[PDB]
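Working through the structure, step by step
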Number of protein chains: 8
Amino acid sequence: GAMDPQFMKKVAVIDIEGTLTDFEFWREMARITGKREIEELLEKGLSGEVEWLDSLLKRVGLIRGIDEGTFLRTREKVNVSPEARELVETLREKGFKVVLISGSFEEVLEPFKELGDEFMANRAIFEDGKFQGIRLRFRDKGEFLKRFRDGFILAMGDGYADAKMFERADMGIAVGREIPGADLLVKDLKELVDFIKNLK
Amino acid sequence: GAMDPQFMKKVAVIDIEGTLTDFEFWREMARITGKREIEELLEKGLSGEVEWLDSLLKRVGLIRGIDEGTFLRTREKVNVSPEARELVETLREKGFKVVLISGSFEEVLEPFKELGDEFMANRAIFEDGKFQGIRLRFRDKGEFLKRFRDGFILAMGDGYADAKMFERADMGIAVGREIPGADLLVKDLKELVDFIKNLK
Amino acid sequence: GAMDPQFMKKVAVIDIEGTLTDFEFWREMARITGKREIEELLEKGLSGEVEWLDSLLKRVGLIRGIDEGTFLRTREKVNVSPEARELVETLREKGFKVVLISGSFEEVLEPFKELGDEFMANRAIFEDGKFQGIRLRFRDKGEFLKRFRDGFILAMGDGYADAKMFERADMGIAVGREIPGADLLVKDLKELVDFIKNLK
Amino acid sequence: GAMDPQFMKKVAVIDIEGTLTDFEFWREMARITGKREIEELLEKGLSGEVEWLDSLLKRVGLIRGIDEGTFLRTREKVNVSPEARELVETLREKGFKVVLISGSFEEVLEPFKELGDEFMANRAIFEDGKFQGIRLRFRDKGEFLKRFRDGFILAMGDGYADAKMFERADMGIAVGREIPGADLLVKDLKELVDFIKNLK
Amino acid sequence: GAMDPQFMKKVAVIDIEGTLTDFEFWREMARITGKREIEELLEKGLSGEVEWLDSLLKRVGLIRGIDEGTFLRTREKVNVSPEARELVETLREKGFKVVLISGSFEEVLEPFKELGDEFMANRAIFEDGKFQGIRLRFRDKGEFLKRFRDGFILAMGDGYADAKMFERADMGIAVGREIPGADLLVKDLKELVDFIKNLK
Amino acid sequence: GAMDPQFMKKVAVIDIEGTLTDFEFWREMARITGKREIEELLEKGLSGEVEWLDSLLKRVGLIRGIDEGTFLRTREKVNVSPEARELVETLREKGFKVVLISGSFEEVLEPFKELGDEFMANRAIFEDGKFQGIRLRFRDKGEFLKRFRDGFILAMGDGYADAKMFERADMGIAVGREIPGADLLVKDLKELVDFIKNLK
Amino acid sequence: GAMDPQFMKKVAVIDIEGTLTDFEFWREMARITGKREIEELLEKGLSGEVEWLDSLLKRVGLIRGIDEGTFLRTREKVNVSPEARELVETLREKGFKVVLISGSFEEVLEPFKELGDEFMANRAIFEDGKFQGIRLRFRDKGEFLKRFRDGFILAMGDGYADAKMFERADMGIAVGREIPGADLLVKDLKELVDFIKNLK
Amino acid sequence: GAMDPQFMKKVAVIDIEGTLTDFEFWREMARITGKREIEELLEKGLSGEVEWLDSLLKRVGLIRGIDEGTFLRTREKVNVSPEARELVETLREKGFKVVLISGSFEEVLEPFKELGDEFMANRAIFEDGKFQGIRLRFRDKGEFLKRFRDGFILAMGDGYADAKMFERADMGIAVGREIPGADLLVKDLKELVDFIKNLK
């Protein structure tokens with residue numbers, strides 16, 4: 001093994017939210033701050049009632065001023081299940097290069113940061129120990145996927161993904177709930193790993 | 001293994017001539033027909049003295065009228081060495097999709113036809129048991145490589161390949177004699193297989 | 001005829017199933033194995049009730065364990081009718097380059113392998129004499145057609161083709177039943193041959 | 001022949017000057033007018049000593065004021081030889097669509113106007129029965145060839161053609177004297193027709 | 001006027017049928033042959049009830065065998081009205097390069113062949129003095145317009161034009177009756193000429 | 001004249017420096033400050049001895065701190081000669097859309113700002129009445145010309161222009177001294193105006 | 001600040017009408033001239049009942065002959081509010097390059113001409129002191145935005161903007177009333193400035 | 001600061017080696033292992049005597065078997081100087097998005113991993129506690145830069161960069177020694193920081 005030509009490998013992109021974990025940062029924030037307008041805005045954003053970015057920025061503005069420590073504290077509710085680790089490792093076995101993405105913060109989703117071969121999520125701005133706003137590191141997941149316009153993509157996602165993300169993938173798989181653009185539907189992380197281990 | 005997603009695999013393209021076999025069809029024809037103008041034209045074509053296609057068509061016109069049986073007879077001088085088979089099988093192990101190409105005829109290079117996952121060479125036209133001309137199935141090897149413009153390509157070739165073929169590859173490897181565009185140089189099929197087994 | 005410039009020729013792409021043969025591998029398998037869920041999944045898949053790939057992989061999973069010999073035997077129900085041969089030979093007369101495609105297996109559809117100038121279908125995986133799964137050699141037929149994006153395409157297909165395959169062709173012809181995107185509709189292979197002989 | 005799908009055919013483009021005719025309009029004007037600066041400028045333009053357009057516009061300005069009729073008489077020196085007609089008709093038989101182009105005037109090259117399937121050359125401006133200037137209908141022959149960028153191109157040309165025109169062709173043939181970009185070299189129109197008749 | 005840089009000029013494309021003439025070739029043939037299926041098919045093709053090409057080829061097959069002379073006689077019902085000539089000449093005045101196109105035959109629309117700076121229509125096949133079929137010189141008018149993909153286009157058309165032709169134009173003008181894609185609606189050729197004479 | 005369709009017009013691009021004015025801002029500043037390193041750097045930048053941007057920024061740093069008033073006073077040495085105005089107005093007459101560009105400052109080249117239909121140059125930074133640096137509004141003139149990638153371009157330039165600017169133009173004209181890429185050479189503004197007045 | 005690399009900055013494009021000013025030139029002309037058909041046509045054009053260009057040219061034709069001075073007085077109703085100036089200056093502070101665009105006339109919108117870094121609107125034709133017609137300087141706002149296809153775009157617009165303009169933007173913001181394609185909706189210029197100030 | 005639109009920011013790409021650190025991993029390894037063939041291969045590779053990848057893989061093969069711990073220990077000679085930190089933080093001030101790249105290992109260059117906004121380098125393969133080979137995560141730095149083809153790029157690099165990396169950047173800055181393609185040359189990191197603080 002004088003070489004692993006990683007750059008020539010096909011890419012497995014996993015949207016972390018709702019595929020590797022049930023944790024939903026904005027619902028947790030809605031609980032913590034008692035502001036149900038946050039979770040209402042989430043619901044509106046997922047249901048396509050309002051434009052995604054609008055809901056996101058409104059929510060971001062809502063939790064503004066929150067303590068840094070309280071914020072990072074939510075990391076403890078995020079966990080790399082052994083099923084998730086199995087999925088990633090299996091994908092590597094089955095010849096893929098694993099890329100994990102999320103709309104949420106890297107600071108919250110830190111356990112996954114070194115799990116896959118590449119990791120991208122948005123970030124948080126902290127002035128004087130208090131939350132100020134969000135660093136939007138990518139426009140959306142579809143646009144982000146343009147980084148691999150030069151290769152092939154197997155995409156796995158849940159209710160935080162959408163058609164645009166899958167219209168970039170060569171093979172698209174939705175988890176739990178159906179998504180326009182996805183080729184297959186599995187019911188849960190289990191079914192998904194069972195599928196992935198049925199490869200090559 | 002409910003699925004081998006072959007279409008998402010990176011592609012290993014091998015130019016058969018001078019990498020998997022020492023057989024040179026046109027030199028054999030030059031010997032058989034005693035026309036040294038054929039081999040002279042070959043030499044001129046490789047050395048870039050004359051434009052490749054011109055030399056090729058002149059040679060094609062030179063062996064015109066040759067017997068069908070005599071023609072196909074040269075197949076017996078073509079052999080799938082165990083080193084070659086090892087190379088292909090190893091490439092498949094090391095995650096590639098193997099594509100074999102040649103400027104010569106499929107009818108002569110028939111043993112390799114089912115070796116790799118894809119096979120392309122030019123063909124022969126036979127009217128009344130006599131050789132009439134050539135079916136040019138592709139313009140050149142670089143242009144042919146546009147079939148995989150959507151993925152990555154490791155290219156291995158010898159003196160019948162050129163810069164244009166390698167300018168398409170992400171990683172290019174020349175065998176025996178140096179080629180502009182190639183990233184590496186191995187000395188022989190042995191060294192090449194040794195390299196390939198040092199992968200992933 | 002010192003040269004046939006096959007690569008400059010316009011391309012006639014034929015979806016084998018339902019144009020060159022009445023044979024439907026999955027229905028046949030439904031008969032052999034008595035698993036009617038196979039033919040039900042096929043029916044659902046064609047009607048777009050379920051996503052094509054999902055139903056397909058389900059069907060593959062249903063026939064898992066079938067004997068290799070029994071599987072390859074299904075080839076015996078596949079035959080190159082003289083009408084098909086006439087169609088292909090006519091297309092060659094009318095200046096086309098014939099490319100045969102199918103979503104089904106090369107192992108079953110082998111008689112057609114040498115009929116056209118190029119042949120592509122998916123393949124079968126056989127571990128320990130028993131059938132394990134499917135090698136998907138192309139993403140779909142439309143995507144496959146990108147191999148000839150540098151020229152023109154006349155596409156002929158039946159119910160295993162769809163809009164995506166035809167939105168690539170410059171001229172599209174549907175066989176038997178109408179397909180969104182197709183320019184013309186013929187009723188069967190005969191009428192299609194009558195059409196093709198009417199060219200130039 | 002209920003249909004000729006002409007638009008799907010590969011394109012044979014012939015640069016008229018030095019391939020179908022010995023006629024060189026500018027040398028003729030140089031003789032007619034006794035201005036040898038015209039033929040000198042032509043020589044300079046062909047040899048690439050000075051920019052083509054500079055020489056062309058200089059020559060146009062040189063013959064300015066010339067009589068319309070006197071101008072058009074040069075047509076009488078133009079003849080569609082039976083060899084040329086044979087070339088075109090053979091190309092048609094060998095499946096091509098014929099496009100004739102020239103840098104010179106349509107008014108002079110009128111006999112060729114209906115020979116091929118498409119015809120393009122520059123034109124002449126005539127106000128009050130006298131030659132005023134030139135209507136430049138295409139930038140150059142390479143740029144012109146972009147009209148068929150959606151298909152394949154066999155290009156045949158002589159010393160009024162150049163690299164840019166042939167860098168567009170899939171197959172390039174030079175007539176009489178070799179040109180960078182051309183794939184083949186023939187010695188004359190006869191040899192070229194002999195070549196074309198060795199096709200399919 | 002040492003130069004008219006025609007190739008740099010913006011292009012004014014006129015769909016001849018129903019803009020420069022009230023003549024409708026297919027209705028005329030329908031009258032001549034008393035076959036109302038021809039005119040019914042015309043109506044169906046325009047209304048998009050059946051695919052355009054299907055209806056067209058049906059009509060071509062319907063009129064098959066008609067006498068050559070009878071066919072060409074229809075030219076006599078086509079006339080370059082002075083209003084049309086005014087339109088074209090004005091367009092040249094207003095800085096345009098005029099290109100005339102139609103789906104009908106050049107043999108019929110001959111008066112228009114030298115009217116504009118470029119002319120394209122489909123053509124007719126005549127074997128042994130009898131009409132055999134049609135040479136389709138372009139796929140459609142929209143596709144045809146790609147010959148000018150490198151510049152700007154003002155497109156004018158009537159009920160034989162459609163949306164695809166106009167989605168290529170930078171400015172689209174409908175005549176008589178509204179068409180999806182067009183920017184403007186004029187009532188007749190007069191109104192259009194008045195519009196064009198109001199330019200620059 | 002209900003409309004001037006300016007956006008459909010072909011574009012005439014004039015590099016102001018050395019075409020519309022003999023004024024050279026950097027030489028003037030070099031005289032003013034007695035720093036000959038400025039003019040030496042100008043010479044070096046034009047001759048390609050050192051990279052253009054390097055020399056430019058060196059000059060900018062050289063002149064740093066200069067008084068705002070002293071800087072803008074140089075406007076008084078710039079004049080819209082009546083020949084220049086004639087050129088532009090003629091270009092509009094001859095169907096062009098005139099765009100003026102320069103590497104120098106808008107603040108200096110102000111008379112030209114409303115001359116053509118579009119105007120672009122770089123600008124100056126002034127903090128507390130003293131010159132601080134340069135706002136580079138375009139990367140280079142060639143890159144700038146991409147704003148008109150959708151149409152045609154006649155480009156005219158002098159010794160402050162270069163090849164990259166002209167490889168974008170469909171027709172390029174050099175003034176005074178020859179530049180790689182240009183099609184023509186004129187000797188002065190007069191000759192150029194005479195050329196332009198010889199159009200259409 | 002020896003350098004401002006302005007060309008590398010992301011672009012903030014503001015559609016002036018309904019974002020920076022309440023001024024609606026066509027309503028103003030409708031009032032001035034008592035032709036209510038003007039404001040009716042405006043309403044129809046905005047609501048997409050009739051094609052934008054049709055309505056625009058109809059309106060232009062409606063106010064034809066109007067006095068130049070009377071026309072320009074409408075400028076006096078135009079004011080660069082301090083909120084607007086604040087918006088632009090903030091955008092500059094938040095790292096953007098500001099481009100102001102409008103469908104209306106530069107002559108009316110002169111106060112805004114030097115506000116942003118780049119300014120584009122359509123223009124007016126005035127022969128003999130009287131309004132004749134309109135110079136259309138861009139096809140539409142979407143097409144205009146192609147000038148910055150090489151970078152990123154934040155677009156802010158109101159009811160004179162549309163989907164095409166926002167489908168070009170990476171981030172779209174509608175002002176006052178929601179527009180398909182826009183990502184966010186603010187209620188007024190104030191809210192928008194408050195948003196912009198929450199950046200970086 | 002409710003939002004930082006990082007994705008719309010222009011990108012500053014820094015090749016770490018020879019810009020942010022004097023550390024040269026292969027030379028260090030040459031010291032530790034006393035194998036001077038390593039440093040000889042490096043020298044040959046930089047000078048382009050041998051193809052980069054060939055020399056690289058040779059070097060990898062030389063250091064095969066080295067202890068994992070000893071390898072990772074080399075990190076101790078890598079340190080984020082305060083000048084580097086100043087550069088990155090300044091780039092962020094000056095509106096850039098900082099992307100750190102290297103051909104070397106993440107394991108050695110770990111201190112820089114969290115310095116910029118994005119970090120990419122190649123990795124190490126460790127089987128049974130001993131070093132086996134290299135994971136090539138990108139083809140080369142130029143190819144890597146295609147991740148930001150949708151925006152602008154300021155590239156800073158040293159002797160581990162080359163022309164291909166700079167022919168992608170809109171503005172290129174070389175450090176220490178001149179590189180073909182670079183626009184500017186600085187002598188060391190200090191002068192570069194002095195340059196960067198001079199922006200906007």
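In this document, residue positions are counted from 1 along each chain in sequence order, independent of how the entry numbers them, and residues without coordinates are left out. Labels are handed out in written order, letters beginning with A for the chains and numbers beginning with 1 for the ligands. Only heavy atoms go into the side-chain values, all of them from the structure, while hydrogens and water stay out. Residues with missing side-chain atoms are left out of burial classes, side-chain pairs and their counts.

Attention now moves to the overall build of chain A. Here a strand is any run of E in DSSP of at least two residues, a helix any run of H or I of at least four, and the numbering for each starts at the N terminus. For chain A, the helix and strand inventory stands at eight helices and eight strands. What the globule rule says is 2.2 Å times the number of residues to the power 0.38, and the radius of gyration is computed from C-alpha atoms. For 200 residues, the compact-globule estimate of 2.2 N^0.38 gives 16 Å, and chain A sits close to it at 17 Å. Each of the three principal axes of chain A carries a C-alpha extent, and together these read 50 × 40 × 30 Å. The contact definition used throughout considers only heavy atoms, calling two residues in contact when any of these lie within 4.5 Å. For chain A, the proportion of contacts with a sequence separation of at least 24, taken over those separated by at least 6, is 56%.

Let's shift gears to the sheet that holds strand β2 (residues 11-15) of chain H. The mixed open sheet is built from eight strands, whose spatial order is β1(A)-β5(H)-β4(H)-β3(H)-β2(H)-β6(H)-β7(H)-β8(H). Two strands lie at the open edges of the sheet, namely β1 (3-4) of chain A together with β8 (184-186) of chain H, each paired on one side alone. Any two strands between which DSSP finds at least two bridges are classified as paired. Where β2 of chain H meets strand β6 (residues 153-157) of chain H, four bridges bridge the pair, whose relative direction is parallel. For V13 of chain H, the partnering residue across the bridge sits in β6 of chain H and is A155 of chain H. Under this scheme, a helix contributes an axis fitted over its contacting stretch, all axes are lines through C-alpha atoms, and angles between N-to-C directions fall in the 0 to 180 degree range. Across the sheet, helix α3 (residues 52-62) of chain H lies against β1 of chain A together with β5 (130-135) of chain H, angled at about 165° from β5 of chain H, the strand it touches most.

What follows deals with the relation of the copies chain D and chain E. Superposition of the copies is done by least squares over their C-alpha atoms. Note on the identical chains: chain D maps onto chain E by a rotation of 179° and an axial translation of 0.1 Å, with an RMSD of 0.2 Å. In the structure described here, the two chain copies are related by an operation that fits a two-fold rotation axis. When C-alpha positions in chain D are compared against the rotation axis, the closest is assigned to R147 of chain D, at 2.6 Å. When you check the interface residues of chain D against chain E, 100% turn up at the interface there too, and the contact is symmetric in its surfaces.

Quick look at the domain arrangement of chain A now. Residue and element names in this part refer to chain A. What fixes the domain bounds is an automatic or database domain assignment. Segmenting chain A into domains produces domain 1 (1-20 + 81-199) and domain 2 (21-80). Using only C-alpha atoms to locate each centre, domain 1 and domain 2 end up separated by 20 Å. Each partner contributes to the interface: domain 1 provides 28 residues, whereas domain 2 provides 26 residues. If you sort the residues of domain 1 by the area they bury against domain 2, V108, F131 and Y160 come out on top, with a joint share of 29%. By salt bridge we mean one thing: a side-chain nitrogen of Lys or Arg within 4 Å of a carboxyl oxygen of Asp or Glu. The interface formed by domain 1 and domain 2 holds one salt bridge in total. Here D67 and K130 are joined by a salt bridge, their closest N and O atoms 2.6 Å apart. Every element with two or more residues in the side of domain 1 that touches domain 2 is listed here: α5 (82-93), β3 (97-105), β4 (118-127) and β5 (130-136). Looking at the side of domain 1 that touches domain 2, the element that brings in the most residues is β5, giving six residues. Residue composition of the side of domain 1 that touches domain 2, grouped by class: 15 nonpolar, eight polar and five charged. By buried area we mean the combined loss of accessible area, with a 1.4 Å probe, across both parts when two parts are placed together. Under this grouping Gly is polar, as are all residues other than the nonpolar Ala, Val, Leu, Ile, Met, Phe, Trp, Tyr, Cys and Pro and the charged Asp, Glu, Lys and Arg.

Okay, the pairing of strand β2 (residues 11-15) of chain D next. Under the scheme applied here, a residue whose accessible area is under 20% of the maximum for its type counts as buried, over 50% as exposed, and between as partly exposed, the area being computed with a 1.4 Å probe on protein chains only. Along β2 of chain D, five of the five residues are buried, which leaves the element largely enclosed by surrounding structure. Judged by which residues are buried, β2 of chain D turns out to be covered on both faces: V11, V13 and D15 of chain D on one side and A12 and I14 of chain D on the other are all buried.

What follows deals with the packing of aromatic side chains. Note on aromatic pairs: the rings of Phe, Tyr and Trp (six-membered ring only in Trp) are paired at centre separations within 6.5 Å, and the planes decide the class, stacked below 30 degrees, edge-to-face beyond 60, tilted for the rest. Scanning all chains against the criterion turns up 100 aromatic pairs over all chains. With a centroid separation of 6.0 Å and an interplanar angle of 75°, the aromatic rings of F144 of chain F and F148 of chain F are classed as edge-to-face. The same class applies to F144 of chain F and to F148 of chain F, which are both buried. Consider the rings of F71 of chain H and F126 of chain H, whose centres lie 5.2 Å apart with planes at 75°: the pair is edge-to-face. Remark: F126 of chain H occurs in strand β4 (residues 118-127) and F71 of chain H occurs in helix α4 (residues 68-73); sequence separation between them is 55 residues. Here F71 of chain H falls in the buried class, since its relative accessible area comes to 0%. An aromatic cluster is built from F25, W26, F71, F105, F126 and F131 of chain A, whose rings are joined through pairwise contacts. By the criterion adopted, a ring carries a charge over it if an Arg CZ or a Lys NZ lies within 6 Å of its centre and within 35 degrees of its normal. Just above the ring of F96 of chain D sits the side chain of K10 of chain D; from NZ or CZ to the centre is 4.7 Å. Across from the ring centre of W52 of chain H, 4.6 Å away, lies the NZ or CZ of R59 of chain H, which sits over that ring.

The subject of this paragraph is the interface of chain D and chain E. Across the boundary between the two partners, chain D contributes 29 residues, which contact 30 residues of chain E. Contact between chain D and chain E buries roughly 2400 Å² in total, counting both sides, with carbon and sulfur atoms accounting for 45%. Ranking the residues of chain D by area buried against chain E places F7, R137 and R147 of chain D at the top, with a combined share of 23%. Between chain D and chain E we count four salt bridges in total. The partner of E118 of chain D in a salt bridge is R147 of chain E, and the shortest N-O contact between them spans 2.3 Å. Under the rule applied, a polar contact is a pair of N or O atoms within 3.5 Å (in protein, one hydrogen donor and one hydrogen acceptor; residues adjacent in sequence only if both atoms are side-chain atoms). Viewed at the interface, chain E and chain D are joined by 18 residue pairs in polar contact. Put simply, the parts of the chain that give the side of chain D that touches chain E at least two residues each are β1 (3-4), α3 (52-62), β4 (118-127) and β5 (130-136) of chain D. At five residues, the largest contribution of residues to the side of chain D that touches chain E is made by β5 of chain D.

Within the open sheet, the eight strands sit side by side as β8(A)-β7(A)-β6(A)-β2(A)-β3(A)-β4(A)-β5(A)-β1(H). Their pairing is mixed. The sheet is open, and its two edges are formed by β8 (184-186) of chain A together with β1 (3-5) of chain H, each paired on a single side. The sheet shows a mean angle of 25° between the axes of neighbouring strands, direction not considered. Two strands pair when backbone bridges link them, and strand β6 (residues 153-157) of chain A and strand β7 (residues 171-175) of chain A are joined in this way by four bridges, in the parallel orientation. Counted as the bridge partner of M156 of chain A is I173 of chain A from β7 of chain A. Against the sheet, helix α8 (residues 189-196) of chain A contacts β6, β7 and β8 of chain A, and its axis sits at roughly 150° relative to β7 of chain A.

Considering all chains together, one arrives at 174 salt bridges over all chains under this definition. The partner of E110 of chain E in a salt bridge is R75 of chain E, and the shortest N-O contact between them spans 3.9 Å. Of this pair, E110 of chain E sits in the loop between β3 (97-105) and β4 (118-127) while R75 of chain E sits in the loop between α4 (68-73) and α5 (82-93), placing them 35 residues apart in sequence. For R75 of chain E, a relative accessible area of 29% translates into the label partly exposed. Ionic pairing is found between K97 of chain F and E118 of chain F, a salt bridge with its closest N-O pair at 2.7 Å. Placement of the pair is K97 of chain F in strand β3 (residues 97-105) and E118 of chain F in strand β4 (residues 118-127), with a sequence separation of 21 residues. In this structure, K97 of chain F and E118 of chain F share a single accessibility class: buried. Residues joined by salt bridges that share partners form a network here, namely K97 and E118 of chain A together with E106, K113, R123, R137 and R147 of chain H.

With that settled, the discussion passes to the relation of the copies chain C and chain A. Of the two same-sequence chains, chain C is brought onto chain A (RMSD 0.3 Å, axial shift 0.4 Å) by a rotation of 90°. The two molecules are tied by a four-fold rotation axis, judged by turn and shift. Taking the C-alpha atom as reference, chain C places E167 of chain C closest to the rotation axis, 12 Å from it.

Residue and element names in this part refer to chain E. Here β3 lies mainly inside the structure; eight of its nine residues are buried. Examined bridge by bridge, strand β2 (residues 11-15) and β3 share five bridges and lie parallel to one another. Note on β3: the bridge partner recorded for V13 is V99.

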